[PDB]
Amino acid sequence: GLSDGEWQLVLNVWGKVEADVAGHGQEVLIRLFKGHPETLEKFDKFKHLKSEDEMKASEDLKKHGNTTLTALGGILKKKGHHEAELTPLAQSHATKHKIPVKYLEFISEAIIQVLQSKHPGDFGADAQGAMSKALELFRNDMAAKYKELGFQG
């Protein structure tokens, strides 16, 4: 959905995340939990973290962040011919974890805020715009799969 050029920007900033997937993954879930505390409640092993000090110290949080970003990089690498990899994710999220589309917007924001915080240099006006279109396509495709399995509610 982006131009070839926009995908390139997207894969190029993602190259930075790939050099530290779990430290970027940890910081994204801390930003999401801190930003929207209600999301935390969706996680049984984190539901009890009461502060950012406890979130930073959690081994499990760091793992789950690695898991989350590893899965999103597999989707981003397919540029948009990503139906196959998105499916299973829409399936588990809609049906087993029961994650509203709204929360996919909250995590897209937490992603942009960590790339901006960790790579101010590299994540300039054009990289930010290309990653925001890429996360919006992701969330639109997830919403599409949700309304299909017949959720969104």
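Start at 1 and count along the sequence shown; that's the residue number.
- Across the two stretches, 139-147 and 17-25, the PDB entry reports the greater mean Cα temperature factor for 139-147.
- When the mean C-alpha temperature factors of 43-51 and 63-71 are read from the deposited coordinates, 43-51 comes out higher.
- When the C-alpha B-factors of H119, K102, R31, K56 are read from the PDB record, the largest value belongs to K102.
- The PDB entry assigns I112 a C-alpha temperature factor belonging to the lowest third of its chain's modelled residues.
- Among the modelled residues of the chain, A127 sits in the lowest third by CA temperature factor in this PDB entry.
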